[PDB]
Each structure stands twice: as C-alpha cells, then as structure tokens.
Amino acid sequence: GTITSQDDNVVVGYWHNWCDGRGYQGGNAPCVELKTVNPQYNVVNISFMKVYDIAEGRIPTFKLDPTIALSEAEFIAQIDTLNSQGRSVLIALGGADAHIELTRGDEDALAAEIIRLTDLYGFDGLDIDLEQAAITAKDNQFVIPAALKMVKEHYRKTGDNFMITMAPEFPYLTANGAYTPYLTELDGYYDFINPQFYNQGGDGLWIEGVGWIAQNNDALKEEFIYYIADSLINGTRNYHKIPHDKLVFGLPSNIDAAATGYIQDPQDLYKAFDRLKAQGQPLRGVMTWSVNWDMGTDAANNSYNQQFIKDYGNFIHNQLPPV
Ligand SMILES: [Cl-]
Ligand SMILES: [Cl-]
Ligand code: NA
Ligand code: NA
Ligand code: NA
Ligand code: NA
Ligand code: NA
Ligand code: NA
Ligand code: NA
Ligand code: NA
C-alpha cells in the first residue's frame, strides 16, 4: 500500500476483527466493513495483532477473521479507499488474551513481521495496545520499542512516516509507571499517545480546592478531563509528560463499550478541551473504543446511532492544526 500519516487533529477509532461482541450493559458490537466506518474517524485501528496459536511461535501476526465475510483483497481495497480519503489505518498490537510474551532478540523478527503486514495490507502504522498482563511480560518493554524503532527507520529511509501510537490505561502513566519505558524509548518515534480514560473504576487524582476526582465520577467529568490532561501535558502531579500536541483523549463510545468512563454530557469534554486550548496546550484529538460500538446496539437492540462521532467529530476536526 501507501503510508498515509496524519498531520492534523485526529479522531481515532478501534475496529474489531470479530463479530457480535457483548457489551458491559448487554448490547452488541457487530463486525462492520471498513467502508462503513464514519469518515470522521481519520485513524482506524485494526484490532488486533496477536498470537493466535503458540505452535506459530512468539511473534504476533494478523489474520482477518473469516466471520467478517470480507475477502482479504477487499479488506485491502477498503484500506486503499481510506488512504485515498486521507485516513490512516493502523494495526493495534495487543488486546485481551493476545499472548504476547516476547524475549530479547525477538525484535528483529517482530520488526520484520510488522513491515510484512504493513506492506501487505497497506497499514499506516501501529498502535501499542497491550493488555495489563502484557505491559511487563517477559521482555516486552525492551522488544516492542526496539522493534518499532527499526520499523520507523525502515520507512523513514523512503520518506514515509510510519505512525506509532499507544493506548496505555491512564494509571500506568504515573512518573516511573509501567508504561513509561515504552514512552521514553519511543520518544521522537511516536506520533501521539491515546490513553484509555476508561475501565479504571475510581482511579483519578486529588486537586487542591476541588478534591478527589475519579474517572468514574460523572459530576466531576470536566474536572477529570482537564486535570488528568493538564497533568500529562506538563508532567505534573506525578504523571509522565506527554506533550499536548501528542496527546489524544481515549474514551468509550457508549456505556456498552466500557465498564466505566463514558462521558454522559459532551459539554464536559468541550469545556475541558477549551480550557486546555486557552492555556496554549490544545490536545491533538479523541480516541474511542470503538467504531463497532458506536455502530452497535444496546441490550434492547436500539442502535447507538453513531452518537460518539456525532458528539466529537466536528468538535475535533474544526480545531486549528497542531504545532
Ligand atoms: Cl467486544
Ligand atoms: Cl458493515
Ligand atoms: Na493445537
Ligand atoms: Na506465521
Ligand atoms: Na460487499
Ligand atoms: Na497505507
Ligand atoms: Na483501582
Ligand atoms: Na456537570
Ligand atoms: Na506547544
Ligand atoms: Na484541519
């Protein structure tokens, strides 16, 4: 394919390589064709690159799930289409039950596999989306960055910006937290980070004059967005620094998509984002788990009707370009 990178704001959505996932409130996430995904998702993350069978060894790979009833050639054609529209298609490495447990020395094979898949499908980059058990499994913290630096250099030789993004769960972004080796090794290689501000229950931060602000507190959602982002973009309040132009705020698309974290009132985001912008540190966009959920149904089979992209697409894409 052709490597198609993003230079401006992003609305990132994950795409399920499976069908009919059950939601946290009993809804359903269908498989969907890439051509069906709303065009305001300008980064779409194919979920997931993983180990499918230990007989194949340690190096993860990708296989389009036959249940989606899309041929590989047609999947590739649809990637092609997204790329013609200026949209990126990343491969997401990890996910639940991915069995990624790499040993030092595996970085050459992992880089080679990434390049092979990138060249085959036309992917534009890779998202590191490891499950909790994988963050510090075996030599993952060494191998995965080492592999990705080689990939990045490989495409730089031909003038292509192979995108590297990550989806850490936010509590692992404390100073010296478990995700920090990925971030420090890949500083100058990653394009943006889209942490998961969801599925962390009552984790959060204390702010003088406001009090305890949890990820699951709807009444303080503006404050949570603002302060957790402010902390990350400045490296304050015991968080590792992720520059604002490289920080994308990850959210569930709806209450089926994640156990906690859904933004009930989008104005809480609009206001938090505007405060970050006003202090000269606008964020780079939003991310969601997932396009399939945004296109999914609740327990009574009512369509979620693309409510996430309706709420945030225009808001994000109408902002000024990053610097
Ligand atoms: Cl699912
Ligand atoms: Cl579809
Ligand atoms: Na077997
Ligand atoms: Na293989
Ligand atoms: Na068709
Ligand atoms: Na491409
Ligand atoms: Na906890
Ligand atoms: Na409120
Ligand atoms: Na800046
Ligand atoms: Na623009």
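Backbone-built Cβ (ideal geometry, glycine too); neighbour counts: all protein chains shown. Since every read-out is calculated from the coordinates, none of them should be taken as a lab result.
From its DSSP helices (H runs of at least four residues, each -39,500 (n - 2.57)), the chain gives a residue-normalised ellipticity at 222 nm of -9000 deg cm²/dmol. When Rg and the Kirkwood Rh are both derived from Cα coordinates, the Rg/Rh ratio for region 66-114 amounts to 1.08. Each of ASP129, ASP20 was scored by other Cβ atoms within 10 Å of its Cβ. Arranged with the fewest first, they read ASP20, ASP129. Once divided by 2.2 N^0.38 Å, the Cα radius of gyration of the chain becomes 0.94.
In a fully extended conformation the segment linking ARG237 and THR81 would gain 51.9 nm over its present Cα-Cα distance, using 0.36 nm per residue. Could you compute the net charge surrounding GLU222? Neighbours are other residues with a C-beta less than 11 Å from the C-beta of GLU222; K and R count +1, D and E count -1. Combined, the nearby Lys, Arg, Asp and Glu give -2. Once the chain from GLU56 to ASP203 is taken as fully extended at 0.36 nm per residue, the excess over their C-alpha distance is 49.1 nm.
Near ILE233: Cβ cut-off under 15 Å, other residues only, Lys/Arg at +1 and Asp/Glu at -1. The net charge is +2. About its Cα centre, the chain has a charge dipole of approximately 480 debye under the convention of +1 per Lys or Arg Cβ and -1 per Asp or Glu Cβ, with nothing else charged.
Out of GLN40, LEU64, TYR227, whose Cα points farthest toward the positive end of the dipole of the chain (charges: +1 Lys, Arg; -1 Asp, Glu; placed on Cβ)? Farthest towards the positive pole: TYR227. From the cross-link list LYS50/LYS138; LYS35/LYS152; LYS138/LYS246, which pairs have alpha carbons spaced over 20 Å apart? Long pairs (Cα-Cα over 20 Å): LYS35/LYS152; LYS138/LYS246. Each of the peptides 139-145, 295-301, 274-280 was scored by the mean count of other Cβ atoms within 10 Å over its residues; in descending order, highest first, they stand as 139-145, 295-301, 274-280. With neighbours defined as other Cβ atoms within 10 Å of a residue's Cβ, the residues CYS19, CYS31 order from fewest to most as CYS19, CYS31. With R₀ fixed at 45 Å, the C-beta to C-beta distance from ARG116 to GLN267 puts the FRET efficiency at about 0.50.
Extension gain, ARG156-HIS99: 0.36 nm per intervening residue step, less the Cα-Cα distance, totals 17.5 nm. Semi-axes of the equivalent ellipsoid for region 39-103, computed as √(5λ) from the eigenvalues of its C-alpha gyration tensor and ordered from largest down, come to 25, 14, 9 Å.
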